[PDB]
Amino acid sequence: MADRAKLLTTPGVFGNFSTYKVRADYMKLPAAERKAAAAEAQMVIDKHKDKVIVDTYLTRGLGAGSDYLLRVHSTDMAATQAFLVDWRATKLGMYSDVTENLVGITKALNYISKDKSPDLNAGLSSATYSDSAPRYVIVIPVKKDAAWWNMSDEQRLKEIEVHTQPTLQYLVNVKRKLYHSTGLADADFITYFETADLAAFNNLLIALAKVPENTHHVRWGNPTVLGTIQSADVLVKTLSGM
Amino acid sequence: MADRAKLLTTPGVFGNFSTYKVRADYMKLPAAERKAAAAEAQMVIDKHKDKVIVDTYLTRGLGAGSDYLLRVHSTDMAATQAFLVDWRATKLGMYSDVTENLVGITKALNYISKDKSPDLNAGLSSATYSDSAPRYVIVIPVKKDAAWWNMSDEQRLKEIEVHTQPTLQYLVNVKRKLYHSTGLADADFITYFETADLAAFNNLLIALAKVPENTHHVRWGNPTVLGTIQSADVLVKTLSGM
Amino acid sequence: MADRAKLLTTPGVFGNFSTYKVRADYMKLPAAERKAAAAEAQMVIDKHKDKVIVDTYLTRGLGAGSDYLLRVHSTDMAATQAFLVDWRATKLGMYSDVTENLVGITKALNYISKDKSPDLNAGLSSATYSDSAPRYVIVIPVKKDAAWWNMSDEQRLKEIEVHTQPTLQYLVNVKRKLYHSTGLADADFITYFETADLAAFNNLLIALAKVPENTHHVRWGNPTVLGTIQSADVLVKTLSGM
Amino acid sequence: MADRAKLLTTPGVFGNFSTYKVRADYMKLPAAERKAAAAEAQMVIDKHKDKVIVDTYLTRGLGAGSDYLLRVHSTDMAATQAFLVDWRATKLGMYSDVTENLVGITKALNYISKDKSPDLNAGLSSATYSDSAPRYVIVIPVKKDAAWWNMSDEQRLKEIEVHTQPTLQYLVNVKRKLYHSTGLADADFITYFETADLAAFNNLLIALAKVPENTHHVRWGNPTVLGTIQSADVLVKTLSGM
Amino acid sequence: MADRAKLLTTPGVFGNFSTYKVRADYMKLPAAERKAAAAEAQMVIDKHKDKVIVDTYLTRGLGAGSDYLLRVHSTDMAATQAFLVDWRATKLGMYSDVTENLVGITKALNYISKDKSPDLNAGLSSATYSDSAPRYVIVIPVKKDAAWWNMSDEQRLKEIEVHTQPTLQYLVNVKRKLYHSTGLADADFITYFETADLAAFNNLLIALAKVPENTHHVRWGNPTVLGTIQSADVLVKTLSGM
Ligand code: HEM
Ligand code: HEM
Ligand code: HEM
Ligand code: HEM
Ligand code: HEM
C-alpha cells in the first residue's frame, strides 16, 4: 500500500504535476450537480489510495495559467496517469482543461552529498522548518542550457555549492523538493516549495538569481505556479460555488 | 475596513494585478442580468473591504490583451486570491477570461535610499505631482537578465542612479509604484503608473530606453497594459451596455 | 471640433490602430440582421465625429492576423477608446474579436529636420506622391533594441540619414506616416503606408533591410498588416455578405 | 479567362497562399448541407476565373497547422483578396479558420542571371522535370536576418551560387517557384515545391541546410506546409465526408 | 496486408506521428455513441491494413500537449494521410483536435556505419533489449542549427560517435528509432523510444545533454511526448469512459 511519508522522502518516486482551468460552462451546471462534485473528488482519490497520493492547490487569482494544481506521487508512472484519467472523468475534471502537466523522478543527491560536499550536506540535513504551517505552494520548472551540461562534474559541483550556501538560511521558512525531468518533459527539473512567508520566498529567489548558475537557465518558471494549499474538499467546493 | 493609504504607501503589501477579456456571450445575456452586474461588483468589493482594496480600469480599445484591469492590495496574499475568486463568481466575472495575472510585494528602497544615495533620495522624497488628475494607467512587467543580478550591489546602484536622475522631473506629471515579483510570477517587478499626459509618458520611457540598465531587460512589457481609470460602477456599466 | 486634415498633419495626435477577426457565427445570422450592420457602423462613426476621425480597411485574405483594421485619430487618447467601445457595441463589433491594438503619438521630426540634416530634409519636403489613388495599406510595428537607444544622438542621426537616402525615391509611389509608441504599447513605433504599387513597396522594404539600422530591429512587423482601403459602408457590407 | 500558364511563369504576378483548419462543427452539419459544398466551391472559382487562378491541396494528416491550402494568383493583389472573401462565404469557407496567409510577388532573377552567373543560369534554364506527376506540395516561408541583407551584392551572389550548384540536380524530380514577400508579410520569401519523391525532397533540403546561406535564416518554415495535390472537387468532398 | 516487421525495420518508410486532444463535448455524447467508438477505430485500422500500420498510445495525464498519439507507417506518404483523414471521420476522431503532426523517413545509417565507424557500429549491431516489455513511449522532435549542418562530414561524425559511445549501454532497456524530417516538418529528426524504465530514460537523456552535439539543438522536444503503450481498443475505451 502507498505510504505518504515514504513517497515524499525517498528516491525513485514519480511526481506528476498538472494544472487546469475550469471551463466557463461548469458554473452553468445545476447546483445539485456542483454540490456532488466534492464527494466525487474524494472518491477518486480514495479509489487510487493503494497506488498514489494526491495534493490539491488553488491557483485561481494568483496567476493566469490555471485555476488549480494537482501533485500526484507513485513509484509507478503509469499509476499517476491512471489517477489523472479517472480525475478527468469526475464532474469537475470533465469541465477542466489541462494547461501544464510535467512529470519527474526523485533522485539521490548528485552534488551536495556527504561524500562530495560534507559541510553543506550537514547544513542541509540539520535544518529545521520553524514557521507557521505552509499556506502557499510554488512550482518552478527549470531547464539548463547545453553549456551547463557540457561543464565538468567539478565545475557544476562548485556552482551548486554556490546555489546552496546562501539558501540554507531559508530552510527555516521554506520547504523544498526537487524532481528530475530531462527526457520526460520540456524541463530538466521540477522544483516545489511550500511556505507561509512569500516575502521570504521572493528574497530566496532573488538570492538565486544573483549566482552564476542562473546564467545557464533557459527555463526558470514559464509558468511560475503560485497557489494556496487546500484540502480537496475545500478546493472543489471553492471552484463549484459551494 | 482596510486603510487604503496604508496599503498604498507601506512596504510589505501584496499587489495583485489581473486583466480580463469579456466573453462574447456576455452581451447576449438578458438586459436585466447585465443591469444587475454593477451592484454585484460593488457588493463583492464591499464584502472584502476589511482585507483588500480594489481599483478598476478600462483597457478595451487601448490594447489587445484585455478589456479591464483589477489592481488589488492586501497584507495577506491569500486575501487577494479570495477577493478574485468571489469576483469570478459575479455575473461579469463569470463571463470574464483572465489574460494576465501577476502578483508582487512592496519593499523598502534597495538603491535610492537616504543612506546610499542621499541627493537622489531627497529629490525623490520632495517631488510633488502637480498636473491635473490622472486619467490613464500603465502597467509594465519587468524582468532582468542573469547578468544584471550577477553584477555587484555597487554596479547595480550606479545603474539605478542613472535610471533615476533623468526621470525625477517626470514626477510632476507621472505617479509611480514599484512591486517586486521574483519567485512569485514570471517577472522580477511590476511597475505601475498614473498620468494625464501620455505624451510625457512616452518621453519618460524613451529616456529609460537610453540608459545602460535597459540592456538587461528580458521583459519590459508583454503586455504593456494601457487603460483609463474608472470607478467600478462606470467600468461594469460600460462593459455591460448599461 | 475634429478636423481630418489637422489631425493627419500635426504633432501631438494619438493614432489608435486595431485589427479584428469576425467570429464565424456572424454569418449564421439572418441576412436581414447583417443588412442593418452597415448603417450602425456609419452611425457610430458619425456619433464620434466631433472628437475622432476613423479609417477602415479590409485585411481578410491578405494575412492571417485579421479581417479588418481601424485607424482612429484624436488629440485625446481616451476619445479613441470611447469610439472603439461604442464600435464593439455595434452588430459587427459584437461579433469582432480584437487581434492587435496599438497606439502611438505623432511627433515633430527628431532626426531629418532642416536644422540637423538639410539635404535629406529638402528631398523629404519636396517629394510628391504621383501614382494612382492608393488602394492598399500596410502597418508595420517597429521596436528597436537597447543597443540602439544607448547609441548617441549623433550615431542614431547617421543611421536615420542612411534609412532616408535610399527611400526618398519611393515617396513617388508610397505615402508614409510615423507614430511613436514607447511606453504605450509593445513597440517603439507604428508605421503606416498607403500605395497602389505593392511591387514598389516590396522594393522599398528590401532597401531598408539592407541598412545598418535594421540590425537593431527586435520587431519589424509581427504583424505586418496588409489591407485594402475601403469605405466603412463597403467594409461592413463585405464582411456581412451584403 | 485568365491565362494560367502566363500567371504561373511570368514576373509581376501576386501569389497568395492561405491555410485553413476545418472547424469541429462542420461535420455536425446535416448531410444535405455538406453535399452542396463542392458545387459552391466550383462556382466561386468560376466566378473569379477572369482575374485569378486557384490551386487546392489537402494538408490534413501531414501537419498540425492546417487541413487545406489554397494557392491563388493574379496580377492584381486585390483580386486575390476578392476571391478569398468569396471563398470564406461558401459553406466550407464559413467553417474554415485561417491559420496562415502569406502573399508575395514573382520577380526577375536577382542573382543567377545570364549577366551575373551565366554557367549556373544555363543549368537552371535547361533543367527538365522528368519524374512521375507530382503528388505532394511543400511551402516554406523564408526570412533572412539583417546581417544577410547588409552584406554586399557580391557577397550575396556568392552565397546564392553556393545554394544553386548542389540543387540543380533536383530539378529532375522537384519543381520550384519563388515569391518575394518583404514588406507584404512576415517573410522575405515564399518558396513553393511540387514533387512525387519526398525522399529526394528531404535530401534536397539537407543539402541547403549545409551551406553558409543557412546561417542567415530566421524563418525557414514555421510552418513547413506539406500537402497532397487535389482537385477542388476531391478536396471539398474529402473534407465534407462526401 | 502490410508487413509490420518490414515497415518497422527497413529504410525508405514514412513515419507519421500525430497527437490529439479530445474535445470537451465528447463525454457529453450519449453512452451508446461512446461505446461504439472502439469498434469504429478498429474498422478504420482494418480498412487501411493493406497500406499502413498503426500504433496507439495514451498521453493524457503525462503531459499537456495531448491525450493520445498515433504512429502510422507506410512506404507511401499519402497512404498515411488517407488513414488519418478516415481516422478523423470516426466518432473519436471527429471529437479530436490535432495538436502536433510530424512526418519523416527512415534512412540508412549516415554516421555509425560499418564503413565509417566500425567499432561503434559493431556495438550497435550486437545490442539487445533484455528488460521487461516496454510500457512507455517517448517522442522527441529534434532540430539542429545551421552551424551544425555547416560543419564537415568528419566533424559531424566525431560528434555522433560521442553521442553513441555513452548511450549504447541503454539499448538493454530502451528501444530507439530515428526518422529524418528536414523539409517535411519543422524538425530535422523525429526520435522514438520505448521503455519500461523511465529512471533509465532520464539518465540516458542526461548523458546526451552533456555532449557537444547538444550545443547545436534548437529543438529537442517541444513537445516531449510521453505516453503509455496501449491497444487501440484500450485507448479508445479509456478516452470514451468505457
Ligand atoms: C529553499 C532553499 C534552497 C536550498 C537550501 C536549496 C538547496 C539545493 C541543493 C542542496 C541542491 C542540490 C541537490 C543535489 O545534490 O542533487 C539543489 C538543487 C537544485 N535547486 Fe535548490 N535549494 C533551494 C531553493 C531552490 C529554489 C527556490 C529553486 C528554483 C527556483 C531551486 C532550484 C534547484 C534546482 C533546479 C536544482 C537542481 C540543480 C542541478 O542538478 O543542476 N532551489 N538545491
Ligand atoms: C516616473 C519617473 C520614475 C522615477 C523617478 C523612477 C525612480 C526609480 C527609483 C528611485 C527606483 C529605485 C527603487 C529602489 O531603490 O528600490 C526605481 C526602480 C525601478 N524603476 Fe523606476 N522610476 C521612474 C519610472 C519608471 C518607469 C517608467 C519604469 C518602467 C518602464 C521603471 C521601472 C523601474 C524598475 C523595474 C525598478 C526596479 C529596479 C531594480 O530594482 O533593479 N521606472 N525607479
Ligand atoms: C517610404 C519612404 C520612406 C521614407 C522617405 C522614410 C523616411 C524617414 C524619415 C525621414 C524618418 C525620420 C523621422 C524623424 O526625423 O523623426 C523616418 C523614420 C522612421 N522610419 Fe521611415 N521612411 C520611409 C519608409 C519606411 C518604412 C517602409 C518603414 C518600416 C518598414 C520605416 C520605418 C521608420 C521608423 C521606425 C522610423 C523611426 C526611426 C527612429 O526614430 O529611430 N520607414 N523615416
Ligand atoms: C529544387 C532545387 C533548387 C534550385 C535549383 C534552386 C535554385 C535557386 C536559384 C537559382 C535562386 C536564385 C533566384 C534569383 O536569382 O533571384 C534561388 C533562390 C532561392 N531559393 Fe532556391 N533552389 C532550389 C530549392 C530551394 C529550396 C528547397 C528552398 C527552401 C528551402 C529554396 C529557397 C530559396 C530562397 C529563399 C531563395 C531566394 C534567395 C534570396 O534572394 O536571397 N530553394 N534558388
Ligand atoms: C538509446 C540509446 C541511443 C543510442 C545507442 C543512440 C545511437 C545513435 C546512433 C548510432 C545514431 C547515428 C545514426 C546514423 O548513423 O545515421 C544516432 C543518431 C541520432 N540520435 Fe541517437 N541514440 C540513442 C538515444 C537517443 C536519444 C534519447 C535521442 C534524443 C533525445 C537521440 C537522438 C538522435 C538524433 C537526433 C540522431 C540523428 C543525428 C544526426 O543525424 O545529426 N538518440 N543515435
# chains A, B, ... in the order shown; residues from 1 in each chain; ligands from 1
>>> residues_near_ligand(ligand="ligand 5", cutoff="8 Å", atoms="only C-alpha atoms and all ligand atoms", output="PyMOL selection string")
(chain A and resi 183) or (chain E and resi 107-113+120-121+124+140-144+156+160-161+163-171+174-176+178+180+188-191+193+201+204-205+208+220-221)
>>> select_by_dssp(residues="stretch 30-89 of chain E", states="alpha helix (DSSP H)", output="list in words")
residues 31, 32, 33, 34, 35, 37, 38, 39, 40, 41, 42, 43, 44, 45, 46, 47, 77, 78, 79, 80, 81, 82, 83, 84, 85, 86, 87, 88 and 89 of chain E
>>> write_last_selection(atoms="C-alpha atoms", output="PDB file, in the first residue's frame")
ATOM      1  CA  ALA E  31     -23.081   6.437 -23.778  1.00  0.00           C
ATOM      2  CA  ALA E  32     -24.027   4.313 -26.799  1.00  0.00           C
ATOM      3  CA  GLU E  33     -22.081   6.578 -29.165  1.00  0.00           C
ATOM      4  CA  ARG E  34     -19.032   6.387 -26.980  1.00  0.00           C
ATOM      5  CA  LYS E  35     -19.392   2.585 -26.558  1.00  0.00           C
ATOM      6  CA  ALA E  37     -16.137   4.256 -30.775  1.00  0.00           C
ATOM      7  CA  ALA E  38     -13.733   1.358 -30.121  1.00  0.00           C
ATOM      8  CA  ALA E  39     -15.175  -0.762 -32.970  1.00  0.00           C
ATOM      9  CA  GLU E  40     -15.116   2.226 -35.337  1.00  0.00           C
ATOM     10  CA  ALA E  41     -11.427   2.657 -34.517  1.00  0.00           C
ATOM     11  CA  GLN E  42     -10.668  -0.982 -35.234  1.00  0.00           C
ATOM     12  CA  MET E  43     -12.631  -0.802 -38.521  1.00  0.00           C
ATOM     13  CA  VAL E  44     -10.636   2.131 -39.877  1.00  0.00           C
ATOM     14  CA  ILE E  45      -7.323   0.481 -38.917  1.00  0.00           C
ATOM     15  CA  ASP E  46      -8.528  -2.676 -40.702  1.00  0.00           C
ATOM     16  CA  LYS E  47      -9.703  -0.693 -43.780  1.00  0.00           C
ATOM     17  CA  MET E  77       3.272   9.174 -47.503  1.00  0.00           C
ATOM     18  CA  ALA E  78      -0.173   9.837 -48.979  1.00  0.00           C
ATOM     19  CA  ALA E  79      -1.411   6.497 -47.577  1.00  0.00           C
ATOM     20  CA  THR E  80      -0.590   7.695 -44.060  1.00  0.00           C
ATOM     21  CA  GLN E  81      -2.621  10.827 -44.807  1.00  0.00           C
ATOM     22  CA  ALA E  82      -5.537   8.770 -46.142  1.00  0.00           C
ATOM     23  CA  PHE E  83      -5.615   6.749 -42.929  1.00  0.00           C
ATOM     24  CA  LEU E  84      -5.583   9.882 -40.785  1.00  0.00           C
ATOM     25  CA  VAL E  85      -8.345  11.506 -42.881  1.00  0.00           C
ATOM     26  CA  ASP E  86     -10.541   8.420 -42.236  1.00  0.00           C
ATOM     27  CA  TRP E  87      -9.496   8.376 -38.545  1.00  0.00           C
ATOM     28  CA  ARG E  88     -10.795  11.927 -38.199  1.00  0.00           C
ATOM     29  CA  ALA E  89     -14.187  10.732 -39.576  1.00  0.00           C
TER      30      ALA E  89
END
>>> closest_atom_pairs(of="chain C", to="ligand 4", cutoff="12 Å", atoms="only C-alpha atoms and all ligand atoms", output="JSON lines")
{"residue": "C:206", "atom": "CA", "partner": "ligand 4", "partner_atom_place_in_ligand_line": "40 (O)", "distance": 10.5}
{"residue": "C:209", "atom": "CA", "partner": "ligand 4", "partner_atom_place_in_ligand_line": "41 (O)", "distance": 11.9}
{"residue": "C:210", "atom": "CA", "partner": "ligand 4", "partner_atom_place_in_ligand_line": "41 (O)", "distance": 11.9}
>>> interface_residues(of="chain D", to="chain E", cutoff="6 Å", atoms="only C-alpha atoms", output="JSON, numbers by chain")
{"D": [61, 63, 64, 202, 205, 209, 210, 211, 214, 215, 224]}
>>> closest_residue(among="D:228, D:117, D:126, D:173", to="residue D:159", atoms="only C-alpha atoms")
D:117
>>> atom_distance(atom1="atom 36 (C, counted along the ligand's line) of ligand 3", atom2="atom CA of residue C:59")
23.4 Å
>>> atom_distance(atom1="atom CA of residue E:3", atom2="atom CA of residue E:15")
14.5 Å
>>> atom_distance(atom1="atom CA of residue A:116", atom2="atom 22 (N, counted along the ligand's line) of ligand 1")
16.5 Å
>>> select_by_dssp(residues="stretch 33-221 of chain C", states="strand (DSSP E or B)", output="MDAnalysis selection string")
chainID C and resid 53:58 68:74 96:105 136:144 174:180 182 185 189:195 217:220
>>> residues_around(residues="residue E:58", least_positions_apart="6", cutoff="12 Å", atoms="only C-alpha atoms", output="PDB file with C-alpha atoms, in the first residue's frame")
ATOM      1  CA  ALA A  78       1.505   4.817 -15.244  1.00  0.00           C
ATOM      2  CA  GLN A  81      -1.607   8.584 -15.283  1.00  0.00           C
ATOM      3  CA  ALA A  82      -4.450   6.263 -14.274  1.00  0.00           C
ATOM      4  CA  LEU A  84      -5.451  11.572 -13.677  1.00  0.00           C
ATOM      5  CA  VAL A  85      -7.534   9.730 -16.279  1.00  0.00           C
TER       6      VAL A  85
ATOM      7  CA  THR E  19      -1.111  13.853 -31.270  1.00  0.00           C
ATOM      8  CA  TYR E  20      -4.673  14.877 -30.391  1.00  0.00           C
ATOM      9  CA  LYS E  21      -6.733  16.371 -27.601  1.00  0.00           C
ATOM     10  CA  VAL E  22     -10.214  15.055 -27.046  1.00  0.00           C
ATOM     11  CA  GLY E  65       0.210  18.597 -25.261  1.00  0.00           C
ATOM     12  CA  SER E  66      -2.209  15.796 -25.960  1.00  0.00           C
ATOM     13  CA  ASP E  67      -4.474  12.958 -24.909  1.00  0.00           C
ATOM     14  CA  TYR E  68      -3.307  10.352 -27.418  1.00  0.00           C
ATOM     15  CA  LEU E  69      -0.647   9.651 -30.022  1.00  0.00           C
ATOM     16  CA  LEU E  70      -0.857   7.782 -33.325  1.00  0.00           C
ATOM     17  CA  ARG E  71       2.221   6.425 -35.067  1.00  0.00           C
ATOM     18  CA  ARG E 135       5.222   0.191 -21.152  1.00  0.00           C
ATOM     19  CA  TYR E 136       6.093   3.802 -22.154  1.00  0.00           C
ATOM     20  CA  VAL E 137       6.738   5.722 -25.344  1.00  0.00           C
ATOM     21  CA  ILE E 138       8.745   8.942 -25.719  1.00  0.00           C
ATOM     22  CA  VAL E 225       5.648  13.380 -25.917  1.00  0.00           C
ATOM     23  CA  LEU E 226       5.388  10.866 -23.030  1.00  0.00           C
ATOM     24  CA  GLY E 227       2.728   8.146 -23.153  1.00  0.00           C
ATOM     25  CA  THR E 228       1.796   4.594 -22.273  1.00  0.00           C
ATOM     26  CA  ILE E 229       1.652   1.900 -24.936  1.00  0.00           C
ATOM     27  CA  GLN E 230      -1.954   0.665 -25.309  1.00  0.00           C
ATOM     28  CA  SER E 231      -4.015  -1.359 -27.687  1.00  0.00           C
ATOM     29  CA  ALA E 232      -6.398   0.619 -29.869  1.00  0.00           C
ATOM     30  CA  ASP E 233      -9.333  -0.922 -28.004  1.00  0.00           C
ATOM     31  CA  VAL E 234      -7.990   0.048 -24.594  1.00  0.00           C
ATOM     32  CA  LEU E 235      -7.010   3.546 -25.806  1.00  0.00           C
ATOM     33  CA  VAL E 236     -10.400   4.344 -27.225  1.00  0.00           C
ATOM     34  CA  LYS E 237     -12.343   2.811 -24.333  1.00  0.00           C
ATOM     35  CA  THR E 238     -10.255   4.768 -21.831  1.00  0.00           C
ATOM     36  CA  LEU E 239     -10.914   8.083 -23.604  1.00  0.00           C
TER      37      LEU E 239
END
